[PDB]
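One file, entry.pdb, carrying PDB, C-alpha atoms:
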ATOM      1  CA  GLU A  65       0.000   0.000   0.000  1.00  0.00           C
ATOM      2  CA  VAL A  66       2.647   2.499   1.117  1.00  0.00           C
ATOM      3  CA  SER A  67       5.833   0.428   0.747  1.00  0.00           C
ATOM      4  CA  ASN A  68       6.749  -2.451  -1.554  1.00  0.00           C
ATOM      5  CA  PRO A  69      10.206  -4.080  -1.602  1.00  0.00           C
ATOM      6  CA  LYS A  70       9.590  -5.951  -4.875  1.00  0.00           C
ATOM      7  CA  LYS A  71       8.392  -2.957  -6.906  1.00  0.00           C
ATOM      8  CA  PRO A  72      10.878  -0.387  -8.228  1.00  0.00           C
ATOM      9  CA  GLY A  73      10.507   3.289  -7.450  1.00  0.00           C
ATOM     10  CA  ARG A  74      12.168   6.380  -8.898  1.00  0.00           C
ATOM     11  CA  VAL A  75      12.714  10.075  -8.202  1.00  0.00           C
ATOM     12  CA  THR A  76      11.742  12.333 -11.107  1.00  0.00           C
ATOM     13  CA  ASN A  77      11.387  16.077 -11.590  1.00  0.00           C
ATOM     14  CA  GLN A  78       7.622  15.661 -11.960  1.00  0.00           C
ATOM     15  CA  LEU A  79       7.372  13.453  -8.867  1.00  0.00           C
ATOM     16  CA  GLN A  80       9.357  15.950  -6.790  1.00  0.00           C
ATOM     17  CA  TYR A  81       7.162  18.720  -8.213  1.00  0.00           C
ATOM     18  CA  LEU A  82       4.078  16.831  -7.019  1.00  0.00           C
ATOM     19  CA  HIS A  83       5.688  16.422  -3.589  1.00  0.00           C
ATOM     20  CA  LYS A  84       7.106  19.934  -3.136  1.00  0.00           C
ATOM     21  CA  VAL A  85       4.497  22.051  -4.935  1.00  0.00           C
ATOM     22  CA  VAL A  86       1.261  20.134  -5.483  1.00  0.00           C
ATOM     23  CA  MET A  87       1.136  18.171  -2.224  1.00  0.00           C
ATOM     24  CA  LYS A  88       2.196  21.084  -0.007  1.00  0.00           C
ATOM     25  CA  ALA A  89      -0.451  23.335  -1.577  1.00  0.00           C
ATOM     26  CA  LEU A  90      -3.254  20.807  -1.061  1.00  0.00           C
ATOM     27  CA  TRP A  91      -2.110  19.537   2.347  1.00  0.00           C
ATOM     28  CA  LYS A  92      -2.454  22.898   4.130  1.00  0.00           C
ATOM     29  CA  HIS A  93      -5.800  23.787   2.528  1.00  0.00           C
ATOM     30  CA  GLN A  94      -8.796  24.388   4.781  1.00  0.00           C
ATOM     31  CA  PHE A  95     -10.698  21.574   3.017  1.00  0.00           C
ATOM     32  CA  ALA A  96      -7.769  19.138   3.277  1.00  0.00           C
ATOM     33  CA  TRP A  97      -8.491  17.647   6.703  1.00  0.00           C
ATOM     34  CA  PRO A  98     -10.997  14.941   5.561  1.00  0.00           C
ATOM     35  CA  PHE A  99      -8.493  13.650   2.976  1.00  0.00           C
ATOM     36  CA  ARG A 100      -5.302  13.612   5.084  1.00  0.00           C
ATOM     37  CA  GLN A 101      -5.942  10.117   6.485  1.00  0.00           C
ATOM     38  CA  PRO A 102      -7.482   6.837   5.300  1.00  0.00           C
ATOM     39  CA  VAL A 103     -11.242   6.561   5.709  1.00  0.00           C
ATOM     40  CA  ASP A 104     -11.785   4.662   8.972  1.00  0.00           C
ATOM     41  CA  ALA A 105     -14.946   2.747   8.100  1.00  0.00           C
ATOM     42  CA  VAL A 106     -15.199   1.249  11.599  1.00  0.00           C
ATOM     43  CA  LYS A 107     -15.000   4.532  13.524  1.00  0.00           C
ATOM     44  CA  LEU A 108     -17.294   6.309  11.045  1.00  0.00           C
ATOM     45  CA  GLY A 109     -19.781   3.417  10.912  1.00  0.00           C
ATOM     46  CA  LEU A 110     -19.509   2.764   7.159  1.00  0.00           C
ATOM     47  CA  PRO A 111     -20.058  -0.983   6.598  1.00  0.00           C
ATOM     48  CA  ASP A 112     -20.308  -0.437   2.816  1.00  0.00           C
ATOM     49  CA  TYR A 113     -17.301   1.797   2.090  1.00  0.00           C
ATOM     50  CA  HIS A 114     -14.737  -0.950   1.445  1.00  0.00           C
ATOM     51  CA  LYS A 115     -17.358  -2.924  -0.514  1.00  0.00           C
ATOM     52  CA  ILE A 116     -18.087  -0.020  -2.878  1.00  0.00           C
ATOM     53  CA  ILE A 117     -14.589   1.525  -2.948  1.00  0.00           C
ATOM     54  CA  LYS A 118     -12.123  -1.182  -3.983  1.00  0.00           C
ATOM     55  CA  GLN A 119      -8.958   0.967  -3.771  1.00  0.00           C
ATOM     56  CA  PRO A 120      -8.937   3.447  -0.880  1.00  0.00           C
ATOM     57  CA  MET A 121      -6.574   6.388  -1.205  1.00  0.00           C
ATOM     58  CA  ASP A 122      -5.829   9.509   0.836  1.00  0.00           C
ATOM     59  CA  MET A 123      -3.353  12.377   0.794  1.00  0.00           C
ATOM     60  CA  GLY A 124      -1.481  10.845   3.728  1.00  0.00           C
ATOM     61  CA  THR A 125      -0.888   7.661   1.738  1.00  0.00           C
ATOM     62  CA  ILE A 126       0.208   9.615  -1.349  1.00  0.00           C
ATOM     63  CA  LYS A 127       2.538  11.779   0.742  1.00  0.00           C
ATOM     64  CA  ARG A 128       4.183   8.758   2.385  1.00  0.00           C
ATOM     65  CA  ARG A 129       4.585   7.187  -1.064  1.00  0.00           C
ATOM     66  CA  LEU A 130       6.431  10.247  -2.377  1.00  0.00           C
ATOM     67  CA  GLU A 131       8.604  10.285   0.756  1.00  0.00           C
ATOM     68  CA  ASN A 132       9.516   6.599   0.271  1.00  0.00           C
ATOM     69  CA  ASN A 133      10.116   6.830  -3.509  1.00  0.00           C
ATOM     70  CA  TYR A 134       7.252   4.412  -4.108  1.00  0.00           C
ATOM     71  CA  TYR A 135       6.291   5.658  -7.575  1.00  0.00           C
ATOM     72  CA  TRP A 136       8.269   4.965 -10.728  1.00  0.00           C
ATOM     73  CA  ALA A 137       6.715   7.881 -12.643  1.00  0.00           C
ATOM     74  CA  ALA A 138       4.428  10.851 -12.047  1.00  0.00           C
ATOM     75  CA  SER A 139       1.496   9.175 -13.825  1.00  0.00           C
ATOM     76  CA  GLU A 140       1.259   6.653 -10.978  1.00  0.00           C
ATOM     77  CA  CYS A 141       1.047   9.462  -8.412  1.00  0.00           C
ATOM     78  CA  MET A 142      -1.515  11.481 -10.375  1.00  0.00           C
ATOM     79  CA  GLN A 143      -3.627   8.330 -10.659  1.00  0.00           C
ATOM     80  CA  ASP A 144      -3.658   8.169  -6.851  1.00  0.00           C
ATOM     81  CA  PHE A 145      -4.937  11.751  -6.669  1.00  0.00           C
ATOM     82  CA  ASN A 146      -7.620  10.933  -9.241  1.00  0.00           C
ATOM     83  CA  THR A 147      -8.527   7.769  -7.323  1.00  0.00           C
ATOM     84  CA  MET A 148      -8.937   9.776  -4.109  1.00  0.00           C
ATOM     85  CA  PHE A 149     -11.257  12.285  -5.789  1.00  0.00           C
ATOM     86  CA  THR A 150     -13.246   9.562  -7.563  1.00  0.00           C
ATOM     87  CA  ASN A 151     -13.818   7.646  -4.315  1.00  0.00           C
ATOM     88  CA  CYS A 152     -15.376  10.717  -2.700  1.00  0.00           C
ATOM     89  CA  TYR A 153     -17.651  11.330  -5.696  1.00  0.00           C
ATOM     90  CA  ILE A 154     -18.779   7.702  -6.061  1.00  0.00           C
ATOM     91  CA  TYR A 155     -19.525   7.091  -2.383  1.00  0.00           C
ATOM     92  CA  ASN A 156     -21.187  10.437  -1.596  1.00  0.00           C
ATOM     93  CA  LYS A 157     -24.016  12.349  -3.232  1.00  0.00           C
ATOM     94  CA  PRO A 158     -23.047  15.038  -5.776  1.00  0.00           C
ATOM     95  CA  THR A 159     -24.669  17.655  -3.509  1.00  0.00           C
ATOM     96  CA  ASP A 160     -22.853  16.555  -0.340  1.00  0.00           C
ATOM     97  CA  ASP A 161     -20.630  19.018   1.500  1.00  0.00           C
ATOM     98  CA  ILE A 162     -17.627  16.673   1.381  1.00  0.00           C
ATOM     99  CA  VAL A 163     -17.929  16.533  -2.420  1.00  0.00           C
ATOM    100  CA  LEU A 164     -17.687  20.329  -2.632  1.00  0.00           C
ATOM    101  CA  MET A 165     -14.489  20.108  -0.577  1.00  0.00           C
ATOM    102  CA  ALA A 166     -13.029  17.504  -2.943  1.00  0.00           C
ATOM    103  CA  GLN A 167     -13.986  19.517  -6.034  1.00  0.00           C
ATOM    104  CA  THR A 168     -12.296  22.571  -4.514  1.00  0.00           C
ATOM    105  CA  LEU A 169      -9.121  20.543  -3.968  1.00  0.00           C
ATOM    106  CA  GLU A 170      -9.363  18.965  -7.431  1.00  0.00           C
ATOM    107  CA  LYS A 171      -9.496  22.331  -9.210  1.00  0.00           C
ATOM    108  CA  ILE A 172      -6.433  23.468  -7.250  1.00  0.00           C
ATOM    109  CA  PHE A 173      -4.796  20.131  -8.091  1.00  0.00           C
ATOM    110  CA  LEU A 174      -5.443  20.584 -11.816  1.00  0.00           C
ATOM    111  CA  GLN A 175      -4.184  24.172 -11.544  1.00  0.00           C
ATOM    112  CA  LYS A 176      -0.826  23.191 -10.032  1.00  0.00           C
ATOM    113  CA  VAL A 177      -0.360  20.231 -12.394  1.00  0.00           C
ATOM    114  CA  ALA A 178      -0.786  22.622 -15.338  1.00  0.00           C
ATOM    115  CA  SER A 179       2.571  24.198 -14.374  1.00  0.00           C
ATOM    116  CA  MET A 180       4.445  20.904 -13.989  1.00  0.00           C
ATOM    117  CA  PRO A 181       7.639  20.388 -16.024  1.00  0.00           C
ATOM    118  CA  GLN A 182       6.555  19.120 -19.425  1.00  0.00           C
ATOM    119  CA  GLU A 183       8.930  16.142 -19.710  1.00  0.00           C
ATOM    120  CA  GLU A 184       9.577  13.620 -16.945  1.00  0.00           C
ATOM    121  CA  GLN A 185      13.273  13.353 -16.073  1.00  0.00           C
ATOM    122  CA  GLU A 186      14.890  11.120 -13.462  1.00  0.00           C
ATOM    123  CA  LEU A 187      16.713  12.706 -10.516  1.00  0.00           C
ATOM    124  CA  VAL A 188      19.785  10.732  -9.408  1.00  0.00           C
ATOM    125  CA  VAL A 189      21.759  11.578  -6.262  1.00  0.00           C
ATOM    126  CA  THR A 190      25.533  11.861  -6.620  1.00  0.00           C
TER     127      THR A 190
ATOM    128  CA  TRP B   1     -20.127  20.910   8.155  1.00  0.00           C
ATOM    129  CA  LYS B   2     -23.581  19.379   7.738  1.00  0.00           C
ATOM    130  CA  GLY B   3     -23.186  15.925   6.266  1.00  0.00           C
ATOM    131  CA  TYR B   4     -23.288  12.723   8.327  1.00  0.00           C
ATOM    132  CA  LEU B   5     -19.911  11.480   7.078  1.00  0.00           C
ATOM    133  CA  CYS B   6     -18.200  14.868   7.352  1.00  0.00           C
ATOM    134  CA  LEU B   7     -19.485  15.516  10.878  1.00  0.00           C
ATOM    135  CA  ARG B   8     -18.565  11.969  11.935  1.00  0.00           C
ATOM    136  CA  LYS B   9     -15.144  12.632  10.436  1.00  0.00           C
ATOM    137  CA  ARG B  10     -14.979  15.825  12.452  1.00  0.00           C
ATOM    138  CA  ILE B  11     -15.890  14.067  15.701  1.00  0.00           C
ATOM    139  CA  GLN B  12     -13.065  11.564  15.184  1.00  0.00           C
ATOM    140  CA  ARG B  13     -10.621  14.373  14.352  1.00  0.00           C
ATOM    141  CA  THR B  14     -10.949  15.908  17.830  1.00  0.00           C
ATOM    142  CA  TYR B  15      -9.927  12.527  19.288  1.00  0.00           C
TER     143      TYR B  15
END

Please rewrite the model in this file as structure tokens.
Amino acid sequence: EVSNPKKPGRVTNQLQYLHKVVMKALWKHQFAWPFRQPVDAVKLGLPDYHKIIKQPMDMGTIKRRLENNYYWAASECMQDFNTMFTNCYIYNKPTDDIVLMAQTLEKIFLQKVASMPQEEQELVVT
Amino acid sequence: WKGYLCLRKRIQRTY
């Protein structure tokens, strides 16, 4: 989920951009607090969350993955962000308050990604 | 701020 010894990870300019620029902008947002941790279905009394959502994802998981060099490329990390937003939309009603918070974070996400370096390039430590 | 899930999420946050 967060770490995998058998799967290769890399550091790229786009991945570090997602960690330094995109993640830090979304993490400190006022609507970020519901998405900073995995959905605790037991504490929240949601017996159907893990049976409707087959791949849970949160900003805390994505942030730990960037800090552990989990991803090989930026497309894997942006898929996690999309998965997190899709899980909120699928599970909740389109008029729910939590959906408005996710849409606010998604627009900011798409705004920051629009200024990402165009070509992915690996960053190697010397 | 008004939804069941969001308020339940808020109750757990204070813990």

- Could you write out as a ChimeraX atom specification the residues of chain B within 7 Å of chain A, counting all atoms listed in the file? /B:1-3,6,8-9

- Task: Kindly resolve the PyMOL selection byres ((chain A and resi 186) around 6) on the present coordinates and return the residues as number ranges by chain.
- Result: A: 75-76, 185, 187

- Å distance separating atom CA of residue 93 of chain A from atom CA of residue 67 of chain A, one decimal place: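 Separation of atom CA of residue 93 of chain A and atom CA of residue 67 of chain A: 26.2 Å.
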
- Item | Closest of A:68, A:158, A:169, A:130 to residue 146 of chain A - atom-to-atom distances counting all atoms listed in the file | A:169

- Atom-to-atom span, atom CA of residue 81 of chain A and atom CA of residue 102 of chain A, Å: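 Interatomic distance here is 23.2 Å.
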
- Hey, what comes out of the PyMOL selection byres ((chain A and resi 173-184) around 10) on this file? Could you write it as a VMD selection string? chain A and resid 75 to 79 81 to 82 85 to 87 89 to 90 137 to 139 142 145 to 146 167 to 172 185 to 187

- Point-to-point distance from atom CA of residue 124 of chain A to atom CA of residue 100 of chain A, Å rounded to tenths: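 Separation of atom CA of residue 124 of chain A and atom CA of residue 100 of chain A: 4.9 Å.
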
Fill-in result for chain B, N, CA and C atoms as a PDB file, in the frame of the given file:
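The resulting file, out22.pdb, is shown below:
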ATOM      1  N   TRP B   1     -19.489  20.056   7.170  1.00  0.00           N
ATOM      2  CA  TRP B   1     -20.127  20.910   8.155  1.00  0.00           C
ATOM      3  C   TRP B   1     -21.593  20.580   8.410  1.00  0.00           C
ATOM      4  N   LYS B   2     -22.183  19.734   7.570  1.00  0.00           N
ATOM      5  CA  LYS B   2     -23.581  19.379   7.738  1.00  0.00           C
ATOM      6  C   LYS B   2     -23.914  17.954   7.367  1.00  0.00           C
ATOM      7  N   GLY B   3     -22.977  17.297   6.695  1.00  0.00           N
ATOM      8  CA  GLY B   3     -23.186  15.925   6.266  1.00  0.00           C
ATOM      9  C   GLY B   3     -22.872  14.913   7.350  1.00  0.00           C
ATOM     10  N   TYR B   4     -23.536  13.752   7.317  1.00  0.00           N
ATOM     11  CA  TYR B   4     -23.288  12.723   8.327  1.00  0.00           C
ATOM     12  C   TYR B   4     -21.828  12.287   8.332  1.00  0.00           C
ATOM     13  N   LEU B   5     -21.285  11.964   7.156  1.00  0.00           N
ATOM     14  CA  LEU B   5     -19.911  11.480   7.078  1.00  0.00           C
ATOM     15  C   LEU B   5     -18.917  12.560   7.485  1.00  0.00           C
ATOM     16  N   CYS B   6     -19.142  13.798   7.043  1.00  0.00           N
ATOM     17  CA  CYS B   6     -18.200  14.868   7.352  1.00  0.00           C
ATOM     18  C   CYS B   6     -18.222  15.219   8.834  1.00  0.00           C
ATOM     19  N   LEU B   7     -19.406  15.225   9.450  1.00  0.00           N
ATOM     20  CA  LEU B   7     -19.485  15.516  10.878  1.00  0.00           C
ATOM     21  C   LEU B   7     -18.923  14.368  11.707  1.00  0.00           C
ATOM     22  N   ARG B   8     -19.136  13.132  11.266  1.00  0.00           N
ATOM     23  CA  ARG B   8     -18.565  11.969  11.935  1.00  0.00           C
ATOM     24  C   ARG B   8     -17.045  11.984  11.810  1.00  0.00           C
ATOM     25  N   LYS B   9     -16.562  12.513  10.689  1.00  0.00           N
ATOM     26  CA  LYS B   9     -15.144  12.632  10.436  1.00  0.00           C
ATOM     27  C   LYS B   9     -14.548  13.699  11.340  1.00  0.00           C
ATOM     28  N   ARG B  10     -15.374  14.706  11.603  1.00  0.00           N
ATOM     29  CA  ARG B  10     -14.979  15.825  12.452  1.00  0.00           C
ATOM     30  C   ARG B  10     -14.941  15.419  13.922  1.00  0.00           C
ATOM     31  N   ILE B  11     -15.888  14.570  14.330  1.00  0.00           N
ATOM     32  CA  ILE B  11     -15.890  14.067  15.701  1.00  0.00           C
ATOM     33  C   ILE B  11     -14.638  13.239  15.966  1.00  0.00           C
ATOM     34  N   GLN B  12     -14.256  12.389  15.009  1.00  0.00           N
ATOM     35  CA  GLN B  12     -13.065  11.564  15.184  1.00  0.00           C
ATOM     36  C   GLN B  12     -11.788  12.395  15.137  1.00  0.00           C
ATOM     37  N   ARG B  13     -11.817  13.543  14.456  1.00  0.00           N
ATOM     38  CA  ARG B  13     -10.621  14.373  14.352  1.00  0.00           C
ATOM     39  C   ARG B  13     -10.225  14.944  15.707  1.00  0.00           C
ATOM     40  N   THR B  14     -11.209  15.369  16.501  1.00  0.00           N
ATOM     41  CA  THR B  14     -10.949  15.908  17.830  1.00  0.00           C
ATOM     42  C   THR B  14     -10.403  14.864  18.795  1.00  0.00           C
ATOM     43  N   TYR B  15     -10.426  13.588  18.425  1.00  0.00           N
ATOM     44  CA  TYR B  15      -9.927  12.527  19.288  1.00  0.00           C
ATOM     45  C   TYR B  15      -8.455  12.235  19.013  1.00  0.00           C
TER      46      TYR B  15
END
